[PDB]
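Visitor: Once you've had a glance at the structure underneath, I'll fire off some questions.
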Amino acid sequence: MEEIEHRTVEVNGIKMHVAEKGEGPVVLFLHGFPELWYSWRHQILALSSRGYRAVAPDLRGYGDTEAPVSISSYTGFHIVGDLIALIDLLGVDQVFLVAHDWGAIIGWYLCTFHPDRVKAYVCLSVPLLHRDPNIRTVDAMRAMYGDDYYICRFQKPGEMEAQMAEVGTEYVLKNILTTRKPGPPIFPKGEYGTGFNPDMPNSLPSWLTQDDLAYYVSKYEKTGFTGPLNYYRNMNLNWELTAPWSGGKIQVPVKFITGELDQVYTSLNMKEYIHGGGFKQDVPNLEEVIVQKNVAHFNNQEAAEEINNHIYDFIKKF
């Protein structure tokens with residue numbers, strides 16, 4: 001940890017906090033919501049110690065990275081804008097890509113725009129958001145789960161922030177981080193309530209330390225949740241703007257891994273998409289699909305060793 005390097009760089013007009021360790025071909029790590037560069041702490045150590053360059057930024061709006069005020073500065077294009085610039089500072093043509101949750105969606109947009117810059121992709125939790133010409137991303141979600149589906153609830157500016165402020169930053173993070181309950185996260189009306197997790201443990205699971213929780217809480221208490229929430233607020237805009245790539249296919253080599261209890265996997269018809277053939281049709285070189293038994297959403301922290309080894313073995317083929 002204390003040999004991990006933390007520098008600020010200047011990318012795509014913003015100041016981004018980067019975490020780095022190792023030499024070798026670049027492995028670029030993209031965290032999701034509501035995490036930080038920190039969520040990759042184990043993958044950074046492992047991969048650096050096997051001759052790879054491990055690079056994990058705080059994304060736009062997160063942690064120690066600049067958080068623009070306008071909702072509209074959080075499209076996928078802005079974020080991929082940040083990463084193309086960062087990769088150029090890294091001085092390399094191609095990277096190895098590893099991403100999780102929202103980082104995975106950004107990862108996908110990156111593989112769509114610049115596949116030639118990605119050698120191979122280790123995607124955790126969220127598979128390709130297939131673009132249905134007939135319906136917008138969040139329209140399809142609301143049609144399926146109603147208005148209290150967490151993503152629908154994240155849409156209205158300032159509202160989820162206030163509800164989150166009621167229960168407290170530490171509560172919110174502990175609430176999300178400790179969830180093991182599968183299926184679409186559906187909030188109670190008018191408030192945060194028990195949010196993602198009606199079954200919150202007294203003690204944190206063994207993959208998460210009281211220190212870990214505190215590092216998360218220390219960053220979010222300063223930044224708040226707005227910047228990270230703003231990604232979801234651009235889901236429909238991302239859908240409209242990605243029209244040039246409708247019906248397209250992604251040729252980057254992909255290894256998809258998910259926890260069995262992940263809400264993403266147990267909702268949105270994702271199993272049918274993942275295994276049924278639809279995911280393979282969108283991504284012709286989708287290699288394995290690995291489903292981790294008894295592991296929930298945060299699989300890179302919960303099952304760190306397996307993830308480490310799943311990455312290395314995949315990226316070694318190239």
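By convention here, the chains of the structure tokens are called A, B, ... in the order presented, each chain's residues are numbered starting at 1, and ligands are numbered starting at 1 in the order presented.
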Output as a count of residues only all residues of stretch 78-267 of chain A that backbone DSSP marks as alpha helix (DSSP H).
Guide: 84
Visitor: Please identify all polymer residues within 10 Å of stretch 244-246 of chain A, counting only C-alpha atoms, omitting same-chain residues fewer than 5 positions from it, and present them as a PDB file with N, CA and C atoms, in the first residue's frame.
Guide:
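The resulting file, around_8.pdb, is shown below:
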ATOM      1  N   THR A 112     -15.679   0.065 -27.388  1.00  0.00           N
ATOM      2  CA  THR A 112     -16.532   0.340 -28.543  1.00  0.00           C
ATOM      3  C   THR A 112     -15.906   1.400 -29.435  1.00  0.00           C
ATOM      4  N   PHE A 113     -15.349   2.422 -28.800  1.00  0.00           N
ATOM      5  CA  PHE A 113     -14.796   3.545 -29.525  1.00  0.00           C
ATOM      6  C   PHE A 113     -13.405   3.183 -30.020  1.00  0.00           C
ATOM      7  N   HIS A 130     -26.495  -3.815 -24.034  1.00  0.00           N
ATOM      8  CA  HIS A 130     -26.952  -3.927 -25.423  1.00  0.00           C
ATOM      9  C   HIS A 130     -27.912  -2.800 -25.783  1.00  0.00           C
ATOM     10  N   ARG A 131     -27.638  -2.097 -26.880  1.00  0.00           N
ATOM     11  CA  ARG A 131     -28.476  -0.951 -27.242  1.00  0.00           C
ATOM     12  C   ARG A 131     -29.681  -1.380 -28.054  1.00  0.00           C
ATOM     13  N   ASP A 132     -30.829  -1.399 -27.390  1.00  0.00           N
ATOM     14  CA  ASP A 132     -32.109  -1.675 -28.014  1.00  0.00           C
ATOM     15  C   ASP A 132     -32.572  -0.408 -28.731  1.00  0.00           C
ATOM     16  N   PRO A 133     -32.675  -0.459 -30.067  1.00  0.00           N
ATOM     17  CA  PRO A 133     -33.161   0.710 -30.810  1.00  0.00           C
ATOM     18  C   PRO A 133     -34.560   1.158 -30.368  1.00  0.00           C
ATOM     19  N   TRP A 239     -27.509   6.639 -24.234  1.00  0.00           N
ATOM     20  CA  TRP A 239     -28.221   5.767 -25.164  1.00  0.00           C
ATOM     21  C   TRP A 239     -28.438   6.474 -26.490  1.00  0.00           C
TER      22      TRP A 239
END
Visitor: Env of residue A:98: 12 Å cut, atoms = only C-alpha atoms, seq-sep filter 6 positions within chain, self excluded. Answer as a ChimeraX atom specification.
Guide: /A:26-32,40,43-44,47,54-57,104-108,110-111,118-126,253-257,300,307-308,310-312,314-315
Visitor: With only C-alpha atoms as the basis for distance, which of A:67, A:96, A:25, A:11 is at the shortest distance from residue A:116?
Guide: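 Under the stated criterion, the closest residue is A:96.
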Visitor: Restricting the calculation to only C-alpha atoms, which member of A:115, A:198, A:183, A:277 is positioned closest to residue A:251?
Guide: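 Nearest candidate to residue A:251 out of A:115, A:198, A:183, A:277: A:115.
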Visitor: Measure the distance from atom CA of residue A:164 to atom CA of residue A:200 in Å and round it to one decimal.
Guide: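 The value is 16.1 Å.
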Visitor: From the options A:83, A:128, A:186, A:214, which residue's atoms come nearest to residue A:274, counting only C-alpha atoms?
Guide: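 For residue A:274, the nearest of the given residues is A:128.
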Visitor: I need the residue nearest residue A:167 from this list: A:305, A:191, A:148, A:260. Use only C-alpha atoms for the distance.
Guide: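 Of A:305, A:191, A:148, A:260, the one nearest residue A:167 is A:191, counting only C-alpha atoms.
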Visitor: Of the candidates A:153, A:180, A:42, A:60, which one gets nearest to residue A:1 if we count only C-alpha atoms?
Guide: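 Looking only at the distances to residue A:1, the closest residue turns out to be A:42.
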Visitor: Using only C-alpha atoms for the distances, tell me which of A:303, A:36, A:243, A:237 is nearest to residue A:259.
Guide: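 Once distances to residue A:259 are computed over only C-alpha atoms, the minimum belongs to A:303.
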Visitor: From a DSSP calculation on the backbone, collect every residue of stretch 53-272 of chain A in strand (DSSP E) and output the set as a PyMOL selection string.
Guide: chain A and resi 53-57+95-100+118-124+254-259
